[PDB]
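The chain below stands alone, shown as structure tokens; this is the form solved without this ligand.
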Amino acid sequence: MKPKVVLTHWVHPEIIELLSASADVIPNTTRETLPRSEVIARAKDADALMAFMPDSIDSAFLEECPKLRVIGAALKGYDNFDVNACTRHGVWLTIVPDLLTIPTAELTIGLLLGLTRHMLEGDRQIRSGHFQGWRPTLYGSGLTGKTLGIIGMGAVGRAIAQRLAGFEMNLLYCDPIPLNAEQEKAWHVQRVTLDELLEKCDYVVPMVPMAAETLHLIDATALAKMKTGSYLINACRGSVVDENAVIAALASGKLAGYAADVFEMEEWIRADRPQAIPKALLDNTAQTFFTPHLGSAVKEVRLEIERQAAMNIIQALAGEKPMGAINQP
């Protein structure tokens, strides 16, 4: 008699028990992404679905699941959902706002420090067993007195600026919408154009929203404008950086380093899409620092994201209007 809820990815045990009171839960007991054909097979008979980044909810999917009443996305964005198809199928579509902002900002700063201070090579030198004390090796670039530019001053850009404000750097940003005077003073951040940003910075951090004019914002033309010996940190999205232009800039000496949490191969919304991370990047351990999309990979934050998606599902199944709904079926 109970409705069934399918969760496409692993969630904390507490979240399953929370949903259990009002629904029969079909969980993913592994840490892997199930093939789409297996997700659809489990959801065919489901009244609710918790969706994650690798899910692509199109009309084809909805047509296979005629009982669906709510998709609770454990996500802030909904680029992978055909919203109006959900509406036409009578399916609530809900999202979770804002929770990824701060952990993404903290990770971006972690990537900056790990890359500029050669910390990965440093750890490999320790694990080798040959550490016998200080050596004149792995001299990096410090933060204080340097110029860092944030391209895009949305929620994550503001979180980064607030955190770097204590580091005695020269902080620049560009955005079509300026911060107010109170914010610029509190964080000591100076508005410039994008061309000025690229001209002046030792460190360039893109954090722009998704748009057509965002594709390869950092291309060969942009890298040519940047300071020789600068560093680029990308925890925004794979499509904002031309990874092949980065490879060329690392080889020529234009870039001293590239760090990334995100990769072009992730974009399943694109046709000119690579299938792996370029080998020239994977091989270049001296100049790169990578993480596998860990921007929100904080246990406490993931639990609260799953909790919000679960509450949205419970609310919708109870005939309420879900707190994170973006449509109205």
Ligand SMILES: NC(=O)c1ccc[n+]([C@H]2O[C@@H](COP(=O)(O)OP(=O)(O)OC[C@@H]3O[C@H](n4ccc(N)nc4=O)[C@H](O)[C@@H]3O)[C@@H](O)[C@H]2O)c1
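Position 1 is the first residue in the sequence shown; the rest follow in order.
Not pictured, yet referred to below: the form solved in complex with this ligand.
Residue 27 falls outside the set of residues with a heavy atom inside 4.5 Å of this ligand in the entry with it bound. Interface membership of residue 214, defined by any non-hydrogen atom within 4.5 Å of this ligand in the entry with it bound, is confirmed. In the entry with it bound, no heavy atom of residue 184 sits within 4.5 Å of this ligand.
Contact between residue 174 and this ligand in the entry with it bound is found at the 4.5 Å heavy atom cutoff. Partner proximity in the entry with it bound, defined as non-hydrogen atoms within 4.5 angstroms of this ligand, places exactly one of 119 to 127, 80 to 88, 231 to 239, 245 to 253 at the interface: 231 to 239. Checking 208, 169, 75, 198 for any heavy atom within 4.5 Å of this ligand in the entry with it bound turns up a single hit: 208. With the partner omitted from this view, the residue of 65, 298, 281, 262 that lies near this ligand in the entry with it bound is 262 [heavy atom within 4.5 Å]. In the entry with it bound, the residues of 140 to 173 lying within 4.5 Å of this ligand by at least one heavy atom are, in order, 152, 153, 154, 155, 156, 157.
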